[PDB]
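**Q**
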Ligand SMILES: *[C@@H]1O[C@H](CO)[C@@H](O[C@@H]2O[C@H](CO)[C@@H](O)[C@H](O)[C@H]2NC(C)=O)[C@H](O)[C@H]1NC(C)=O
Ligand SMILES: *[C@@H]1O[C@H](CO)[C@@H](O)[C@H](O)[C@H]1NC(C)=O
Ligand SMILES: *[C@@H]1O[C@H](CO)[C@@H](O)[C@H](O)[C@H]1NC(C)=O
Ligand SMILES: *[C@@H]1O[C@H](CO)[C@@H](O)[C@H](O)[C@H]1NC(C)=O
Ligand SMILES: *[C@@H]1O[C@H](CO)[C@@H](O)[C@H](O)[C@H]1NC(C)=O
Ligand SMILES: *[C@@H]1O[C@H](CO)[C@@H](O)[C@H](O)[C@H]1NC(C)=O
Ligand SMILES: *[C@@H]1O[C@H](CO)[C@@H](O)[C@H](O)[C@H]1NC(C)=O
Ligand SMILES: *[C@@H]1O[C@H](CO)[C@@H](O)[C@H](O)[C@H]1NC(C)=O
Ligand SMILES: *[C@@H]1O[C@H](CO)[C@@H](O)[C@H](O)[C@H]1NC(C)=O
Ligand SMILES: *[C@@H]1O[C@H](CO)[C@@H](O)[C@H](O)[C@H]1NC(C)=O
Ligand SMILES: *[C@@H]1O[C@H](CO)[C@@H](O)[C@H](O)[C@H]1NC(C)=O
Ligand SMILES: [Ca+2]
Ligand SMILES: [Ca+2]
């Protein structure tokens, strides 16, 4: 998180490999969780126009799951048994 | 010109103001209250117009022209937006909803009917139409914008302010192709307005013929284009022109910096039951009076403030306590009193609302019993039954955590409930059913009980931090600071729950505002108005009691008031306080002494004249050291000793009421003085000066003509002397280590001392002899001060933080008695009573100084077994008549000290001053004396360039400086010639040694010198000597005419500042300040 | 014991007579009770801030920070008083040093040395229990240790901590 923008980045463990998968200014991705079983990456945004979003493991797809009744989502968990 | 205030209260953070010039109206937005509010342009009547879906309103604009009647505002909260409404709020729409993030400011262009809006995150200026369906960019994708705030328009120009660049900018309102800077280094430019007639076009006013009673607001609604609105707390009538005033109850909520009004319909989410109170600090409690529509709260330090629910009056109404901040409030509406709680002083107090003059007293304080206040936090009152209830956290000294009851005049004390009250919040009373409700945070419960101490039960469970309680009707309302909630339940069972507000940070206590009437609740004080002189307090059975303010006592008629004349006065570093010897009297016997600069160490009293004297000490601030006197009623305060106090300060005050004298001990780093000052005069004398002894605590006895002191230095002792210190004897020399406390008894001839390094209280007889012990043990760890009254000794203990009374005879082992408990930083105690200060001759053994100071001009001293007075001179010497003073005819020293000339005696053991000290213009550096005319010649520095010469006469009666050579350089050196009657001087500023004639007539120049300082003369051998501290410092000899010049010394000299000649030995002495040595030669 | 313990200082145990002694500063008392939660009583009155307690032989020793004193009394009644030191600033707690021997006080961990891998802790009835250091768990043999593999990890600004789901 920078002052006027935010990045979503990936680093390969035990290596000097780092990449930027998303860069966005009006959205504010903050809390991120990953599901390798169903190949999804979820995040929560509590900026202006708060939301919860789903994407792929390279952020090449973006969908919004919750867009209403959500103001300050700060916490995100995933259940493998129920989806 | 004509600065005057529109809104005096209810504003917290006003982001933007708009003014409606047609409707004579004013609009503004508030960030913290999250509101858009409207009022008459004079501020008389105000209303909240939009509160739903408002989070962070920053920008506001209006078009009041006939047929437009529209307003626009911006919100930068979540889902940031620009919204349009009718100027009466009857229509609402959102016009900009996308590509918007931190929309700051709005402006309107009236010819084109365009809205100009600015964004600080996307960094743009844009304009759109009133519906938001045409949109264009003026400045966009341009680094000129960093953090814009405010916007204005004029002709084809747009002006704005930027907070990042600290700059004010002008551009073209259509394309931005021309850009300019109006201001460059503004601290931070927040708001901008443009003033010209064209910015407020004229139009018809629909309200000109309207008959709305409080507000008429422009409206976009055809056909009449106006609507009538009512202020906060009012209702609107079906006639749609008139308003009515709601008598319905409402709820008052308190928060760390705000007080709010809420409506008991939980579905009404607007906080507009009253104009909010928007500037408080440390809010805990609130009270109200409906007969005048006032809300009362407390402000630090020790002040109470009141405001009206319409905001019309706001004032600081009374001082509450000089000793600390008050915490809890209760109000009696029948007797018109306000009860408050002061935890730091550990007191419950009452103040009067009636009348033009405020009166207040203390009803309950910590007295060492479990029944008194330990640490009170909440208070409630029942006026009809004359009862007071309060909640207390207790103290480690012995007060338990409790719910306690008393009579509203303090005359009864009871403990109703205790146990399982570790963290106890406020207590409230249901008066109709007579039941007390409280909250225990350590268990998360609200509990209920009877006012008689029975039927304790839990009514609500599972709370977290219940901070506020109130009971009204069938309902109980409470606030929780961790759940951040206000909730309502049914007081019979707590079995239903409603939530009024949530997500409220910093919650505090609640009240309910309703029409409580005095006629039903009438009591004795209401039935007998104007009975008591100062305060009326109800008591059970319909009776009333009369009460008197701090420093005053009540008289046997039961209605009148008169000052106290028998009380004990106690000193602690922060204050001086007075207590009654009647243990049940919790009142303050004197108005306390407290505030900035008070570091009190000792206090003494003059009973006849009605004064208390005390000394103040500071190691870091000179002016904070001294002796000061006040009256028990706080009326007159004055400083008596401020000059010439040592680094260790004054450590003693004794007062002689017969002679009108004050004795004090002045402690320097390596010596100590005992001094006397005559009261109401500029007469001061030093009676003793000693280095290896350390006199600290001093007490005086005019009946037996003795002065006693205690010394806790090396070789500690207690000593007796005469009233002029001319005799010295030691009473205690062994078994004494740190004697810090000295008291005298007139009835038995004994002196009492306390030592904290031996943990002992002891007495010895003034004629000497054996020593007796009164209290001793592991207890009595740190007795710091003692006094004797009747058959009792009263002393103070620092560690135990207690004031004790016991019986003054050795061998008594009864447990002590306590007068006050939990007082910090204690210092000694003394007593104020006519008995301890007799003024009859038969009781004073015919003291000679009792009448007209014995005829002594300056000082009167009564020595033992002497039937006549002895007289002392503050300045000068005493004459053959034995009673007047004159200036010495013997030989003495004179020296300059800043703006004065002062005298000294060759004998170190002589403390007389040859003459009173003389005050001169500027700073004097020179002295020579003329033996023919008995005058002194001196030189003055008036500024770093200008000097002066002057002479003053000693024996020709009183005299003042007379001036010669009113303009010379900075001069410091003077010598006088008694054979030729000529004066010689050292002008530094003009590098020259000059001569002059006695009358100032004839002037000459003798030599030019680099840095001349000192001059010495021998006229009977025609020679002159002077010193020069310039490069190649030297001492030179010349002739009084200057015709020869030769160096006498030119080696090993750096700063030869002083030169002298001794004609008994023909020797020349000089002093050097850099080599730091004094040398002699021939 | 609970109730009337607003400001509660140290607790000490008389092992021979099996009695607990404590001090309540909010009332200035030293109190005594049985280890089974019975027979609560006040043994010493009128103290100011009793900071330290110790019981040895027939005597009870206590220190007071406001009286600046160390005193000895008789533990049966508190009816005799002796003063050891006075005018001592900044007093704190007391102990008594004596030859307490393990042979008499032996327990399960002393009787079964080298039983547990990491820690041995006694339990009533002469039995012993095996304990494992932070980050490790105890294995079904009752003696061995192995790292945890099922726990929840919690974050707070000053630290990260791990807790077992077995309450
Ligand atoms: C010093 O001056 C004060 C006044 O500044 C004198 O105080 C008065 O004393 C008389 C006699 O007791 C009282 O009736 C007056 O009320 C006092 N005046 C005030 C303003 O309180 C005082 O007597 C003088 N002498 C001394 C030794 O203090
Ligand atoms: C990616 O998202 C789009 C919607 O934006 C969706 O239609 C598409 O099916 C997604 N990709 C896959 C592979 O499902
Ligand atoms: C407030 O916002 C909610 C949610 O968008 C909406 O349903 C409601 O109508 C709005 N009310 C007003 C007065 O704007
Ligand atoms: C704006 O700037 C352009 C370019 O310098 C210039 O031609 C034009 O005259 C300017 N307009 C005004 C009103 O000064
Ligand atoms: C004022 O209006 C409220 C409804 O908003 C009503 O409950 C109350 O009784 C009214 N009071 C008067 C005096 O009209
Ligand atoms: C304050 O109250 C007084 C007395 O009622 C009144 O005369 C005065 O106008 C009030 N102040 C204001 C600003 O209205
Ligand atoms: C004593 O105080 C009053 C004010 O309470 C003042 O008017 C009076 O002048 C004072 N007396 C003297 C002697 O200064
Ligand atoms: C003064 O003190 C001396 C002892 O130092 C004593 O002998 C003498 O009697 C005292 N003066 C008077 C007048 O008693
Ligand atoms: C010293 O003398 C100067 C000049 O007369 C005067 O202004 C100043 O107040 C004096 N200061 C002291 C401490 O005497
Ligand atoms: C001193 O003052 C006199 C008279 O103004 C002047 O003649 C002389 O030059 C001055 N000398 C110095 C050293 O300032
Ligand atoms: C110092 O003074 C002596 C005596 O007057 C003289 O003889 C000598 O020349 C002087 N020396 C200097 C350096 O001034
Ligand atoms: Ca910006
Ligand atoms: Ca001591």
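Chains as they are written, first to last, in UniProt numbering: chain R, 2165 to 2247; chain C, 1499 to 2580; chain Z, 1915 to 2081. Backbone N, C-alpha and C define an ideal beta-carbon position, used for all residues, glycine too.
List the residues of chain R that residue 1577 (chain C) touches, going by C-beta distances under 8 angstroms, in chain order.
**A** Going along chain R in sequence order, the residues near residue 1577 (chain C) (Cβ under 8 angstroms) are 2212 and 2213.
**Q** Please confirm whether residue 2276 (chain C) has its beta-carbon closer than 7 angstroms to some beta-carbon of chain Z.
**A** Yes, because at least one Cβ of chain Z sits closer than 7 angstroms to the Cβ of residue 2276 (chain C).
**Q** Going straight from the alpha carbon of residue 2175 (chain R) to that of residue 2222 (chain R), what length do you get?
**A** About 12 angstroms.
**Q** Which residues does DSSP list as the beta-bridge partners of residue 2244 (chain R)?
**A** Bridge partners of residue 2244 (chain R): none, in fact.
**Q** Say the cut is 6 angstroms; is the CB of residue 1811 (chain C) nearer than that to a heavy atom of ligand 4?
**A** Outside the cutoff, so no.
**Q** From C:2573, C:2551, C:2579 and C:2522, pick the residue whose C-alpha is nearest to that of residue 2564 (chain C); which is it?
**A** Closest option to residue 2564 (chain C), Cα to Cα, is C:2579.
**Q** Between the stretch 2352-2359 of chain C and the stretch 2367-2385 of chain C, are three or more C-beta pairs nearer than 8 angstroms?
**A** Judged by Cβ distances under 8 angstroms, the stretch 2352-2359 of chain C makes contact with the stretch 2367-2385 of chain C, as three or more pairs qualify.
**Q** In this structure, how does DSSP classify residue 2016 (chain C) when only helix, strand and coil are distinguished?
**A** Here residue 2016 (chain C) sits in coil by DSSP.
**Q** Please list, in chain order, all residues of the same chain as residue 2244 (chain C) whose beta carbon is under 8 angstroms from its beta carbon, the five residues on each side excluded.
**A** Only 2199, 2201, 2334 and 2336 meet the Cβ criterion.
**Q** Please report whether the beta-carbon of residue 2228 (chain R) lies at a distance below 7 angstroms from any beta-carbon of chain C.
**A** No, its Cβ sits nowhere closer than 7 angstroms to a Cβ of chain C.
**Q** Give the interface partners of residue 1917 (chain C) over in chain Z, defined as CB-CB distance under 9 angstroms, in chain order.
**A** The answer, in chain order, is 1917 and 1918.
**Q** Tell me the start and end of each unbroken alpha helix (DSSP H) in the stretch 1762-1795 of chain C that is at least 4 residues and wholly inside, in chain order.
**A** Correct list: empty.
**Q** Since residue 2468 (chain C) and residue 2442 (chain C) should fall inside the 8 angstroms C-beta cutoff, what is the C-beta to C-beta distance between them, to a whole number of angstroms?
**A** Right, their Cβ atoms sit about 7 angstroms apart.
**Q** Count Cβ pairs between the stretch 2550-2565 of chain C and the stretch 1930-1938 of chain Z that sit closer than 8 angstroms; are there 3 or more?
**A** At 8 angstroms Cβ cutoff, the stretches do not touch.
**Q** Does DSSP put residue 2340 (chain C) in a helix, a strand or coil?
**A** Coil at residue 2340 (chain C), not helix or strand.
**Q** Which residues have their C-beta within less than 6 angstroms of a heavy atom of ligand 10, listed in chain order?
**A** Here the residues come out as C:2488 and C:2489.
**Q** Nearest to residue 2220 (chain C) by alpha carbon, out of C:2207, C:2231, C:2230 and C:2479?
**A** Comparing Cα positions, the closest option is C:2207.
**Q** Could you check the C-alpha separation between residue 1977 (chain Z) and residue 2008 (chain Z) for me, to the nearest Å?
**A** Taking the straight line joining both Cα atoms gives about 7 angstroms.
**Q** Return no unless some Cβ of chain R is closer than 7 angstroms to the Cβ of residue 1622 (chain C).
**A** Residue 1622 (chain C) does not count as touching chain R.
**Q** Report yes if the C-beta distance between residue 2328 (chain C) and residue 2385 (chain C) is below 7 angstroms; otherwise report no.
**A** Their beta carbons are not under 7 angstroms apart, which means residue 2328 (chain C) does not touch residue 2385 (chain C) by this criterion.
**Q** Given the structure, does residue 1791 (chain C) come close to ligand 5, in the sense that its CB is under 6 angstroms from one of the ligand's heavy atoms?
**A** No, the beta carbon of residue 1791 (chain C) sits no closer than 6 angstroms to any heavy atom of ligand 5.
**Q** Any beta carbon from chain Z within less than 7 angstroms of residue 1868 (chain C)'s own beta carbon?
**A** No, its Cβ sits nowhere closer than 7 angstroms to a Cβ of chain Z.
**Q** Determine the chain C residues that contact residue 2235 (chain R) at a beta-carbon separation under 9 angstroms, and present them in chain order.
**A** Neighbours of residue 2235 (chain R) on chain C, chain order: 1576.
**Q** Check the Cβ-Cβ distances between residue 1599 (chain C) and every residue of chain R, and say whether any is below 7 angstroms.
**A** Closer than 7 angstroms to some Cβ of chain R, the Cβ of residue 1599 (chain C) qualifies, so yes.
**Q** Which stretch, first to last residue, makes up the beta strand (DSSP E) that contains residue 2048 (chain C)?
**A** Counting along the chain, residue 2048 (chain C) falls outside any beta strand (DSSP E), and DSSP gives it neither H nor E.
**Q** List, in chain order, every chain C residue whose beta-carbon is nearer than 8 angstroms to that of residue 2204 (chain R).
**A** What residue 2204 (chain R) touches in chain C: nothing, since even the nearest Cβ is about 26 angstroms away.
**Q** Cβ closer than 8 angstroms: which chain C residues qualify as neighbours of residue 1958 (chain Z)?
**A** Going along chain C, no residue has its Cβ under 8 angstroms from residue 1958 (chain Z), so there is no contact; the nearest lies around 13 angstroms.
**Q** Please state the DSSP three-state secondary structure of residue 2026 (chain Z).
**A** Of the three classes helix, strand and coil, the one that applies to residue 2026 (chain Z) here is coil, per DSSP.
**Q** Return yes when the C-beta of residue 2236 (chain C) is under 6 angstroms from any heavy atom of ligand 13, and no when it is not.
**A** Because no heavy atom of ligand 13 lies under 6 angstroms away, the Cβ of residue 2236 (chain C) does not count as near it: no.
**Q** Using a C-beta cutoff of 7 angstroms, does residue 1930 (chain Z) count as contacting chain C?
**A** Judged by the 7 angstroms Cβ criterion, residue 1930 (chain Z) is not in contact with chain C.
**Q** Who's in the neighbourhood of ligand 9, going by beta-carbon under 5 angstroms from any heavy atom, listed in chain order?
**A** Taken from the N-terminal end onward, the list reads C:2396 and C:2397.
**Q** Taking CB distances under 7 angstroms as the criterion, tell me whether residue 2190 (chain R) reaches chain C.
**A** For residue 2190 (chain R), the answer is yes, since a Cβ of chain C falls inside 7 angstroms of its Cβ.
**Q** Using the beta-carbon count (16 or more within 10 Å), is residue 2195 (chain C) buried or exposed?
**A** By the neighbour-count rule (16 or more Cβ atoms within 10 Å), residue 2195 (chain C) is buried.
**Q** On the DSSP letters alone, give me the boundaries of the beta strand (DSSP E) that residue 2358 (chain C) sits inside.
**A** Run containing residue 2358 (chain C): 2357-2359, per the beta strand (DSSP E) assignment.
**Q** Please list the terminal residues of the continuous beta strand (DSSP E) segment that includes residue 1527 (chain C).
**A** First-last of the beta strand (DSSP E) with residue 1527 (chain C): 1523-1528.
**Q** Whole angstroms are fine: how far does the CA of residue 1825 (chain C) sit from the CA of residue 1892 (chain C)?
**A** Residue 1892 (chain C) and residue 1825 (chain C): Cα-Cα distance of roughly 15 angstroms.
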